[PDB]
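K.L.:
Here you go, one structure.
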Amino acid sequence: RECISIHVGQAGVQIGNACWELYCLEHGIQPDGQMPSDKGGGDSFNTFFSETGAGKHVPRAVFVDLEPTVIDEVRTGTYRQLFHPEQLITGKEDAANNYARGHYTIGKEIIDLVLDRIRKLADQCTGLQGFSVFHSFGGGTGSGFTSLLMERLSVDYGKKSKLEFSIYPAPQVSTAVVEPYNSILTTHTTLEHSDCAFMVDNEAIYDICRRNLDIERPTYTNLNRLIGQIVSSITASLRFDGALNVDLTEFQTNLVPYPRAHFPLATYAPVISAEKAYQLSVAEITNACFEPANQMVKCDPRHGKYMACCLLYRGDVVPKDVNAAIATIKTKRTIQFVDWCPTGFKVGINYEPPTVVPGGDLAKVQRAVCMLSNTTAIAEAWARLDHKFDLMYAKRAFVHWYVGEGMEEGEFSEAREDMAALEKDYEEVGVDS
Amino acid sequence: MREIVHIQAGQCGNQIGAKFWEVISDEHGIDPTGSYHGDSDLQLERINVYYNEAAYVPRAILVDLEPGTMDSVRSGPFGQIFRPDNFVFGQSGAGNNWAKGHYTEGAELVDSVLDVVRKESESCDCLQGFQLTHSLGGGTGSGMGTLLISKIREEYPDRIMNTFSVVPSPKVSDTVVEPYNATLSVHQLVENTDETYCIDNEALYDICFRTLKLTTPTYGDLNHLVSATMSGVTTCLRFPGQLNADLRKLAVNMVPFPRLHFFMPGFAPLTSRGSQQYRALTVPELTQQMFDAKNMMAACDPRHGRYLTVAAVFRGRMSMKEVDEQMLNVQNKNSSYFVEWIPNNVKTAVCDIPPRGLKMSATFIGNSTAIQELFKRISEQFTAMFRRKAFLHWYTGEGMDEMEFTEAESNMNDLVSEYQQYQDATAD
Amino acid sequence: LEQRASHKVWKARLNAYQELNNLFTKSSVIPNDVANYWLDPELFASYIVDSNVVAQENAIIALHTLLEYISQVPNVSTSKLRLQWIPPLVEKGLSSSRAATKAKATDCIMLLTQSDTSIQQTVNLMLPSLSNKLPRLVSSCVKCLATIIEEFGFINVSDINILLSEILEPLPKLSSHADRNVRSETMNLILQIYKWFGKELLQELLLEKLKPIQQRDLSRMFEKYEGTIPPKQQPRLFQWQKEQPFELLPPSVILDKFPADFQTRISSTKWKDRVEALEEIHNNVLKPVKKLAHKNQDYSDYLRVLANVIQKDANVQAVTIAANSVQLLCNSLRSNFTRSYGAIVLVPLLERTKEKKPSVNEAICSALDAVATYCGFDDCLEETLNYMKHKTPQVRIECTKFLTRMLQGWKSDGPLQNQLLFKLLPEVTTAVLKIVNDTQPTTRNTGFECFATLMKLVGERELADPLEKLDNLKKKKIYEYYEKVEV
Ligand SMILES: Nc1nc2c(ncn2[C@@H]2O[C@H](COP(=O)(O)OP(=O)(O)OP(=O)(O)O)[C@@H](O)[C@H]2O)c(=O)[nH]1
Ligand SMILES: Nc1nc2c(ncn2[C@@H]2O[C@H](COP(=O)(O)OP(=O)(O)O)[C@@H](O)[C@H]2O)c(=O)[nH]1
Ligand SMILES: [Mg+2]
Ligand SMILES: [Mg+2]
């Protein structure tokens, strides 16, 4: 049942704000944690909220940062009463975009305190399902401390699953040069601890906001609200009940053919700005899932082979309209499956409309769909990181910072060897027999 | 990573340090009495970095062996705001001798400074780093400064050490032992400081003479460019920004190799003292004047080297989108002067608040391999005197062995060779 | 994790069973008190009945290697084991449907039987199992029963007639069982009884009560047996069966040469006075000698004024020339720094290792080496470890290097149990690990050597325990120095 969300670093914390704000809007929860009386009523959403005896609904979330600045805004803004202050953990000295600081030097000072506050939430749960980790790839805390927390969760909560929403870096909003270093280092130490990893290329969200919302330079709020829409569609299976609302844990069984190939590609549609008049059918929003301009990780699935394809519909969506659209796309596009896969599409439907932030930049839509596809083309993202990594590491540039914070230089080599094998593993999977 | 402890040492250190505190106290709306008389709240958002709470007092320590500049600062306009106990001034001078400040009479006073350093550090919620202003060609700021750095290094090995070191030149001061002091001081900064802004006086002079068209530049004419440059390179630290917020994040983005932490600062537009330059330059202008040699505070031609890392800081209300187009343009149009094997090495930040007197300004911070020209220049003057062992009895009479000069000369030439080494490395 | 052998989650239980299987194969044979699984046999009697068939299989293979481990004198406590263990082995090991889980349970029953003195105190426990509902259980443990007779046989059993009649009682019922396998395995058990006795006996007692088609089969089975009427030898034995100098120089006196203008000058606000006062007695009094007076000379008054300027004088020049005098003293005064002389300068030298100028670090270290060659580990060992845990990174790398120096020239007096061994892991290896896991690279590089210099003295397997807590990377940098380091 229950799910504990963990938000590490600025990216994880600031995205959790846009997510839990959207969660409250969808479930009708107010910033003070109060809801109207049921007047039963189908009240599924307790997998993400607990109940105080006084009728207060508190998120099962932990916000962690090595710097108080970001989380201080949380315990000051509109949702200061939503979370218990025990769930908002901060340090004083951050990691300075250094994985080794967040994982070895600074992060080890606060790792025991964080696991304690998590055990508090875990002991307030009658049946824990897993963890949802929200972090960046470039920041020192989002890369270093997250991979440290993932190592510790596998030791304590070994049975429970762990899903991560990672923020793939992009130069358009990049705040650090060594972000490729941190990305490779955290992807390596977390690869054997994560069950499913939804990467979010900031360049994709940046361009989708510029193209479909007509925003010149999107702010972090623009990116986060668009991301929160996708995260909501993924978690809606856990937070709502529905006759055709397939659980997310049932999609993972199809999305992950091998433990290392657990990086699905999410594609959300439609994304429309609130400026003119518009209503898209099921076939049009399903067609948009196969346009790479709508993906959240820049890559071309036509240059790769599929292993899974899952359609997470939400809104006014009828099953026969889905199968009609799928049959058209399957015989009018080029979806290459590997020759060892069943080639079938897994469909879930949630008849609640997609909620947007009021007065936001996203328009309320009748229906929407989030496609989760496990394609080999996502290995193009690893190649773009491995290349920027190779350019600097061949000169050992910026390495002294990491080695000066408890990390042995050979850990760079190990992490790159793993990424090299990960690229081979994606190459080998796409071959026929 | 919050509070920054500032230190000024020697004659030039206390000069440009007091002028720097005048500038930022005004930008933060602080009058000499220490009270806040500003309007915006962004001025008080990150005032905790450089100032303390009163009843606002600068977190600055003033050091000099000669008590002359002690009174010249207290008699200044903002001399009443500094803490009285933070003045640590000795009895005798340094005679423009690096060895007197580093080994002899500065070591006899350095323990008094560390007591004030410790005091300001205990009242810090989380000490971010240190900041030093000094002159490499002098005696106290050069000698005692590098000793203070190495002393702070051994007592605060987890804090960033940042310096604003000015470079001697014959066009300003006529003391001949300045190449000795600068060579001995550079030999320390390369192994002790995490980042160092090179402030060439030969560049400052050439700017006041050939650009501002001043026939006889004074130290006030030179220190005006210094205070402006110091205010720009510290903008991201005291105003709520996203990129290069604290000292370490800046050093992590600017220093790819530990010894190559010598920055070539630039600033635009080049204003005069109390002149009239109203029309705020356009964004394409601010970018063109930023990447030229005529606005560099260091006598080096960026055409002669490659930019390892770059940090640009624009101030004033402007089109952030128009900034990206220009900063992208100068990169892909001069791609040969930017290192390929460091992707996205240029980073641009924006701050709404301009410096008092202008509407649009732009500060440049570059880690260019052309900075080797500056060390080549000093190393040439050093050897010319050292081959004749002129004035060596100054330093040997204070304890220094002659071998120390050979080592400092060798390590500087190693630093020059390394800056040339990565200037030739390719991607292939 | 020894108590997780009964943890709720199966995977933790499965891990402990594997950890146990390693202990019983990798432990002592004389045995640890931690191997107290004899005197509480309900522990493994509970593991064999593991509710998880996978971890249950690992609890049995661990019980098997334990059961052969205990084949070491003096464990006559095997009587308590059979009572507590073979009923769980029969009821849920032989009954198990897993061919591997059952194969090892039969192997444990064999070991527990040869731990006994005869087969009777093992037959009586699995005889009730012959009347169980589940035929697969009675199919399996009549085959086991038949194989404990084929190999062990009826020897040294108290009353064989009470045991023969007890095992011949269910045989007519077993040979009419509904299950095809129960019948088939009973016909094999009859052959084993036939092999130890004759044919006359079990025709008098048994064969007449079987189906004629069955006793024809046994006749065919008796013909195919070629061995003698009773086997002339047991195929398997019980445990009790398998048992039964140019330093003759004239000492010069230098405490007289100290001029009156010294204690005043060495305590002056002018650095020149302190530098020149130390330098004159160094160049004119200590330099032109080689053998100082060991008797009737108290240099402790002079040594403490050196430590005062070494520790506290800001003039780094005087610190150099003063530490050199310390080196010259303990050099020219062999076997002099018993306690007071050695300790009056040790900790000021360690504190002053903070100085980074190579000439100064050279002077302070060489004096630290010279005081160590005549006071090996009097205060040094205990005091050096204190300054490896000092807040300054420079004094950490230098004091760590200094231990390596003393550790290299460590010859001791012997034979064993020196001050280094009893502090090896309680304090010394702990202080070295702090350097090995320091945040700075050059600091860790010192500890890597210091650790490798330690493995050079004491056998590398003795320190394999703290080696496994280390990163595989830090293990290669430590093995790196181990090739270069000697003595
Ligand atoms: N979409 C989105 N990305 C963000 C946000 N904040 C930071 N990022 C990305 O995160 C990367 C840097 O990681 P951060 O999360 O900012 O750093 P951190 O986790 O706080 O770790 P340290 O600051 O080094 O202690 C950059 O590439 C940003 O693009 C955000 O609010 N939304
Ligand atoms: N830009 C600038 N340089 C200065 C100033 N005062 C001194 N210098 C330079 O510093 C060098 C002398 O060092 P000085 O500070 O006077 O000696 P100190 O007191 O021992 O640090 C000379 O080469 C001068 O060019 C000043 O006010 N501005
Ligand atoms: Mg942060
Ligand atoms: Mg001067």
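K.L.:
Averaged over all directions, how much area does the convex hull of the C-alpha atoms of the range A:1-264 cover when projected, in nm²?
P.N.:
Averaging across all directions leaves 14.3 nm² for the Cα convex hull.
K.L.:
Label points 7 Å out from Cα along the Cβ direction at B:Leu44 and A:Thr69: separation in nm?
P.N.:
Taking the simple label geometry, B:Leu44 and A:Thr69 are separated by 2.0 nm.
K.L.:
Give the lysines whose C-alpha is closer than 18 Å to that of A:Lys395, dropping any in the same chain fewer than 8 places away, or say none.
P.N.:
none
K.L.:
Once all Cα-Cα distances of the protein assembly as shown are split into 10 Å bins that start at 0, what whole-number percent is in each one?
P.N.:
Cα pair-distance distribution for the protein assembly as shown, in percent: 1, 7, 12, 15, 15, 14, 12, 9, 6, 4, 2, 1, 0, 0.
K.L.:
Mind grabbing the base-10 log of I(q)/I(0) for the range A:265-377 at q = 0.13 Å⁻¹? Debye formula, identical points on the C-alpha positions, no solvent, two decimal places.
P.N.:
Log10 I(q)/I(0), no solvent term: -0.50.
K.L.:
Using all C-alpha to C-alpha distances in the range B:1-256, build P(r) with 5 Å bins and read off the rounded percent in each one.
P.N.:
1, 6, 14, 18, 20, 18, 13, 7, 2, 0
K.L.:
Return the calculated 222 nm mean residue ellipticity for chain A, to the nearest 500 deg cm²/dmol, obtained by summing -39500 (n - 2.57) across DSSP H runs with n ≥ 4 and dividing by the residue count.
P.N.:
Here the helix-only value at 222 nm equals -12000 deg cm²/dmol.
K.L.:
Setting aside same-chain residues fewer than 8 positions from C:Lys92, which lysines have a Cα under 22 Å from its Cα?
P.N.:
C:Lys8, C:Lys11, C:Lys80, C:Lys102, C:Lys104, C:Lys133, C:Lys143
K.L.:
Right, something else. If you take every DSSP beta bridge whose two residues both sit in the protein assembly as shown, what share of them, in percent to the nearest 5, is antiparallel?
P.N.:
Given both bridge residues lie in the protein assembly as shown, the antiparallel proportion sits at roughly 35 percent.
K.L.:
For chain C, report the convex hull volume of the alpha-carbon atoms normalised per residue, in Å³, without decimals.
P.N.:
Per-residue hull volume (Cα only) is 219 Å³.
K.L.:
Also: Which of B:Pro157, B:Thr69, B:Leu214 sits farthest toward the positive end of the charge dipole of chain B, with +1 on the Cβ of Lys and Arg and -1 on the Cβ of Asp and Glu?
P.N.:
Toward the positive end, the furthest listed residue is B:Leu214.
K.L.:
Which value, in debye to the nearest 20, describes the size of the charge dipole of the range C:353-487 about its Cα centre when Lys and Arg Cβ atoms bear +1, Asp and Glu Cβ atoms bear -1, and nothing else is charged?
P.N.:
About 540 debye.
K.L.:
Separate question: Excluding residues fewer than 8 places away in the same chain, name every one of the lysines whose C-alpha is closer than 17 Å to that of A:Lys332.
P.N.:
Correct list for A:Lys332: A:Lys305.
K.L.:
How much mean residue ellipticity at 222 nm does chain C get from its helices, if each DSSP H run of length 4 or more adds -39500 (n - 2.57) and you divide by all residues, to the nearest 500 deg cm²/dmol?
P.N.:
Rounded to the nearest 500, it is -18000 deg cm²/dmol.
K.L.:
Averaged over A:392-398, how many beta carbons belonging to a partner chain fall within 10 Å of each residue's beta carbon?
P.N.:
6
K.L.:
At a Förster distance of 22 Å, what's the computed FRET efficiency of B:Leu270 paired with B:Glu325, Cβ-Cβ distance as r, to 0.05?
P.N.:
After rounding, the FRET efficiency stands at 0.40.
K.L.:
Using +1 at the Cβ of each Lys and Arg and -1 at the Cβ of each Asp and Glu in chain A, identify which of A:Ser143, A:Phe398, A:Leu213 lies farthest towards the dipole's positive end.
P.N.:
Farthest towards the positive end: A:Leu213.
K.L.:
Please sort A:290-296, A:121-127 by packing, taking for each peptide the average over its residues of neighbouring beta carbons within 10 angstrom, highest first.
P.N.:
Result, highest mean first: A:290-296, A:121-127.
K.L.:
Here's another thing I want to ask about it. C:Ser131 to C:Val54: FRET efficiency via 1/(1 + (r/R0)^6), r the Cβ-Cβ distance, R0 22 Å, to the nearest 0.05?
P.N.:
So, using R0 = 22 Å, E works out to roughly 0.15.
K.L.:
Which FRET efficiency value, to the nearest 0.05, do you get for A:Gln34 and A:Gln279 by plugging their Cβ-Cβ distance into 1/(1 + (r/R0)^6) with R0 = 30 Å?
P.N.:
0.30
K.L.:
If you stretched the chain out fully between C:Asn32 and C:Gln233, how much longer would it get, using 0.36 nm times the residue separation minus the C-alpha to C-alpha distance?
P.N.:
68.6 nm
K.L.:
In square nanometres, what is one fourth of the surface area of the convex hull spanned by the alpha carbons of the range A:378-433?
P.N.:
One quarter of the hull surface, i.e. the mean projection, equals 4.4 nm².
K.L.:
Follow-up. Any idea what % of Cα-Cα pairs in the range A:66-219 are farther than 29 Å?
P.N.:
Cα-Cα pairs in the range A:66-219 separated by more than 29 Å: 21 percent.
K.L.:
If you don't mind, another one. Given the C-alpha centroids of the range A:33-98 and the range B:137-181, what is the distance between them in whole angstrom?
P.N.:
Comparing the Cα centres of the range A:33-98 and the range B:137-181, I get a distance of 50 Å.
K.L.:
Determine, for each peptide in A:200-212, A:348-360, B:274-286, C:318-330, the mean count of other beta carbons within 10 angstrom over its residues, then list the peptides with the highest first.
P.N.:
Packing order, densest peptide first, comes out as C:318-330, A:200-212, A:348-360, B:274-286.
K.L.:
Putting +1 on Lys and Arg Cβ atoms and -1 on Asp and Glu Cβ atoms, find which of B:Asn367, B:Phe267, B:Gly305 reaches farthest to the positive end of the dipole of the range B:257-370.
P.N.:
Of the listed residues, the answer is B:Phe267.
K.L.:
Take peptides B:63-74, C:212-223, A:158-169 and line them up by average Cβ neighbours within 10 Å, highest first, as a rough protection proxy.
P.N.:
Result, highest mean Cβ count within 10 Å first: A:158-169, B:63-74, C:212-223.
K.L.:
Still on this structure, I have one more. Could you state the number of Å between the C-alpha centres of the range A:340-355 and the range B:191-227?
P.N.:
That distance is 66 Å.
K.L.:
Could you sort out which of A:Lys92/C:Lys356; C:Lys354/C:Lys484; B:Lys294/B:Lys389; B:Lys100/C:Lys312; C:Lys434/C:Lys469 sit more than 24 Å apart by Cα distance in this structure?
P.N.:
Going by Cα-Cα distance, A:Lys92/C:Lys356; C:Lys354/C:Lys484; B:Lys294/B:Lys389 fall outside the 24 Å limit.
K.L.:
So, with +1 on the Cβ of K and R and -1 on the Cβ of D and E, and no other charges, what is the size of the charge dipole of the range B:1-256 about its Cα centre, to the nearest 20 debye?
P.N.:
Value, rounded to 20: 340 debye.
K.L.:
Report the charge-dipole magnitude of the range A:378-433 in Debye, nearest 20, computed about the Cα centre from +1 at each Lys and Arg Cβ and -1 at each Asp and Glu Cβ.
P.N.:
400 debye
Here Cβ is always computed from backbone atoms with ideal geometry, including for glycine, and neighbour counts include all displayed protein chains. We did not get these values from a lab; they are worked out from the coordinates using the rules stated.
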